[PDB]
Amino acid sequence: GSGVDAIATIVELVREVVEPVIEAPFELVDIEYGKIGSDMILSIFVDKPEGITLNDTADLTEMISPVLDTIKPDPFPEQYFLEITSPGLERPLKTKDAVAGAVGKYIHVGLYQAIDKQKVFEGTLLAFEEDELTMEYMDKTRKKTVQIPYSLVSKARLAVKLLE
C-alpha cells in the first residue's frame, strides 16, 4: 500500500464517470478489478428495479466504453479484461443448480397459475431430490409441507424466514 496508485485511481474516475452518463434507470451497484491468469478483469456491478438481462449488459458497457479509455493518468499495459454484470440478489433460482444447492432456505415463488390454489407463496426449501423440492409453504396464515415440480417458476427469489 501507498499514496499513489492506478488501481485505486481508476475506481475514483470510473465512479466519477459512471454517474454523469447512465443517469438511471440502471443504478450503479459497485466496481472492482480481479486477477485472471494474466489479465486485469474489470467488473462493473449494476442493479435494476426489476428486469435487466444479457441484452442490457451489452448496452450498458457500450455506454461506459466511451468513458473507459480516458481514465488518465493511467495507461494500462495492454492485457486487461472488462465485464459487466448485475447482482440481482446473491443466489437466485435461475437454474435447478441453485435449487438443488440451496436446500435449507426460505424461498418465495410466483406462478402464472398456481401450485396449490395460490399464485405466490412463501416457503422454506428443506431439500431437493428426484427433480422435486420439498418445502414448507406459507399462505393465508397456513404453514404446511408441499412438493413443488420443476418447470413452473416465474418469480422465484431468495428469502430468509425471520431474522432471529
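Up top is the structure.
Residues numbered from 1 in each chain as written, not as in the entry; some residues may be left out. Heavy atoms only, no water.

Glancing now at the overall build of the chain. Secondary structure summary: the chain contains 3 helices and 8 strands in total. Moving toward the C terminus, one meets the helices and strands of the chain in the order α-β-β-α-β-α-β-β-β-β-β. The C-alpha atoms of the chain give a radius of gyration of 21 Å, which is well past the 15 Å a tight globule of 164 residues would have. For the chain, the accessible area works out to roughly 12,200 Å², and carbon and sulfur atoms hold 52% of it. Mean positive and mean negative side-chain charge positions of the chain (17 and 29 charges, respectively) differ by 12 Å. (Helix = DSSP H or I, 4+ residues; strand = E, 2+ residues; numbered from the N terminus. Rg over C-alpha atoms; globule rule 2.2 N^0.38 Å. Areas by Shrake-Rupley, 256 points an atom, 1.4 Å probe, with all protein chains shown as cover. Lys, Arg positive; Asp, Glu negative; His and termini not counted. Charge placed at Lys NZ, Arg CZ, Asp CG, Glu CD.)

What follows concerns the packing of aromatic side chains. Centre-to-centre distance and the angle between the planes together describe a pair of aromatic rings. This structure, assessed with the given rule, holds 1 aromatic pair. For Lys 96, the ring lying beneath its charged end belongs to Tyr 150, and the centroid distance is 5.4 Å. (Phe/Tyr/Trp six-rings, centres within 6.5 Å; stacked < 30°, edge-to-face > 60°. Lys NZ or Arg CZ within 6 Å of the ring centre and 35° of its normal.)

Next up on the list: the pairing of strand β1 (residues 27-36). Put simply, side chains in a regular strand alternate between the two faces of the sheet. Here β1 runs beside strand β2 (residues 39-47); their pairing, made up of 9 bridges, is antiparallel. The residue bridging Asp 30 from the neighbouring strand is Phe 45, located in β2. Here β1 folds back onto β2, and the loop between the two strands holds 2 residues, one of which, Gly 37, carries a positive phi near 65 degrees. (Pairing = 2+ DSSP bridges.)

The next point concerns unusual backbone geometry. In this chain, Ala 24 is followed by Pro 25 through a cis amide linkage whose omega measures 0 degrees. By the secondary structure assignment, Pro 25 is in the loop between α1 (6-22) and β1. With an omega dihedral of 0 degrees, the bond running from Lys 72 to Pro 73 counts as a cis peptide bond. Topologically, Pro 73 is positioned in the loop between α2 (54-64) and β3 (80-85). Positive phi values are uncommon outside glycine, yet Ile 52 reaches one of about 55 degrees. Structurally, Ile 52 can be placed in the loop between β2 and α2. By relative accessible area, which is 18% here, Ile 52 ends up buried. (Buried < 20%, exposed > 50% of the residue type's maximum accessible area, 1.4 Å probe, protein only.)

Before going further, it helps to spend a moment on the sheet that holds β2. The strand order across the open sheet built from 3 strands is β1-β2-β3, with neighbouring strands paired in mixed fashion. Single-partner strands in this sheet number two, and they are β1 and β3. The sheet shows a mean angle of 15 degrees between the axes of neighbouring strands, direction not considered. The strands that α1 touches are β1 and β2; relative to β1, the one it contacts most, it runs at about 150 degrees. Strands in contact with α2 are β2 and β3; relative to β3, the strand with the most contacts, it is inclined by about 130 degrees. (Axes fitted to C-alpha atoms, helices over the stretch in contact; angles between N-to-C directions. Contact = heavy atoms within 4.5 Å.)

This part takes up the sheet that holds strand β4 (residues 105-110). Reading across the sheet, the 5 strands line up as β7-β6-β5-β4-β8 and stay open at both edges, with antiparallel pairing between neighbours. Bordering the open sheet on either side are β7 (143-148) and β8 (157-159), each of which pairs with just one other strand. Averaged over all adjacent pairs, the angle separating strand axes in this sheet is 40 degrees, with direction ignored. Alignment of strand β6 (residues 132-138) against β7, held across 6 bridges, turns out to be antiparallel. Of the residues in β7, the one forming a bridge with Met 138 is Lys 143.

Looking now at the pattern of salt bridges. Inspection of the entire model under this criterion finds 2 salt bridges. Between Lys 155 and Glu 50 there is a salt bridge, with the nearest N and O atoms lying 3.3 Å from each other. With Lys 155 in the loop between β7 and β8 and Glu 50 in the loop between β2 and α2, the pair connects residues that are 105 residues apart, well separated along the chain. Exposure remark for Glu 50: the relative accessible area of 54% places this residue in the exposed category. The partner of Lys 96 in a salt bridge is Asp 131, and the shortest N-O contact between them spans 2.7 Å. A residue pair is termed long-range when its members are at least 10 positions apart, and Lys 96 in helix α3 (residues 96-102) and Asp 131 in the loop between β5 (120-129) and β6 qualify at 35 residues. Classification of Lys 96 as partly exposed rests on a relative accessible area of 25%. (Salt bridge = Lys/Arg side-chain N within 4 Å of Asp/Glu carboxyl O.)

Read these as layout, nothing more, since geometry by itself doesn't imply function.
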